[PDB]
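Engineer: Here we go, the starting part of the complex in its complex frame:
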Amino acid sequence: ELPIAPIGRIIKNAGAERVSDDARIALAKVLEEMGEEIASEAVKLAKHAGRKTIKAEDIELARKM
């Protein structure tokens, strides 16, 4: 998912003067893919640690990939 209107606002917040629709669609896809990969790693960290609930520390460690 990720809805594309908030993604276009992220690009504006970085200073973009004009934003094409395809740039919004592309950045939504990139952030979904990264989100999925970080989440996947975080579920495994948790399981390797012996845990069912995903915590912030799981996300923070997974992000360093």
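Structural biologist: The structure has been received and is ready for your questions. Numbering: from 1, shown residues only, chains lettered A, B, ... in the order given.

Engineer: Burial check on residue A:50, number of neighbours?
Structural biologist: Counted with other Cβ atoms under 10 Å, residues neighbouring residue A:50 total 6. C-beta: built from backbone N, CA, C; applies to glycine.

Engineer: I'd like the distance between it and residue A:44.
Structural biologist: Distance, residue A:50 to residue A:44, by Cβ to Cβ, to the nearest Å: 12 Å.

Engineer: what do you get for residue A:12?
Structural biologist: Distance from residue A:12 to residue A:44, by Cβ to Cβ: 35 Å.

Engineer: Angles on the backbone of the residue most central in space within chain A, please.
Structural biologist: Most central in chain A under Cα atoms, centre = their mean is residue A:35, positioned 3.3 Å from the mean C-alpha point. With angles defined as degrees, to the nearest 10, residue A:35 sits at phi -60, psi -50.

Engineer: ok, now which ones touch it?
Structural biologist: residue A:2 (Cβ atoms under 8 Å, 6 or more residues apart in numbering).

Engineer: Give me the phi and psi for the residue with the largest distance to the centre of chain A.
Structural biologist: Distance from the centre of chain A peaks at residue A:50, with 24.5 Å (Cα atoms, centre = their mean). In terms of degrees, to the nearest 10, the main-chain angles of residue A:50 are phi 90, psi 30.

Engineer: Chain B goes on too:
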Amino acid sequence: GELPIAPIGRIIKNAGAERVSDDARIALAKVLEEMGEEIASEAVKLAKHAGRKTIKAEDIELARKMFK
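Structural biologist: That brings us to chain B, laid onto the chains above:
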């Protein structure tokens, strides 16, 4: 920030999480927004040097390589 939290908690559940803390949802939204801003900042520089003010998909797809 700009990202809504509901879709981000669904990303974690759909990755296999049994349970997700609220702090974890917020952490993941903050990480993705920051990564998004850094990619977009670089995309803006790529477009300016191509002589454009409009950000294109190709600018995002090149800038994302900063995180490979």
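
Engineer: same question on the contacts of residue A:35, but with chain B included?
Structural biologist: Residues counted as contacts of residue A:35 (Cβ atoms under 8 Å, 6 or more residues apart in numbering or on different chains) are A:2, B:8, B:11, B:28, B:32.

Engineer: Which two of those residues have the greatest separation?
Structural biologist: A:2 and B:28 (11.8 Å; Cβ to Cβ).

Engineer: Which parts of chain A are strands?
Structural biologist: Applying DSSP state E to chain A gives strands spanning A:18-19, A:53-54.

Engineer: Could you identify which of the ones you listed is most buried?
Structural biologist: Burial of the strands of chain A is given as mean neighbour count (mean count of other Cβ atoms under 10 Å in any protein chain shown); strand A:53-54 ranks first at a mean of 21.

Engineer: Check whether that strand comes near chain B.
Structural biologist: Yes: using Cβ under 8 Å from any Cβ of the partner chain, strand A:53-54 comes into contact with chain B via A:53, A:54.

Engineer: quick check, distance from that strand to the centre of its chain.
Structural biologist: 17 Å (Cα atoms, centre = their mean, to the nearest Å).

Engineer: partner strands of that strand, parallel or antiparallel?
Structural biologist: strand B:19-20 (parallel) (DSSP bridges).

Engineer: And for residue A:58, the neighbour number?
Structural biologist: Counted with other Cβ atoms under 10 Å in any protein chain shown, the neighbours of residue A:58 add up to 28.
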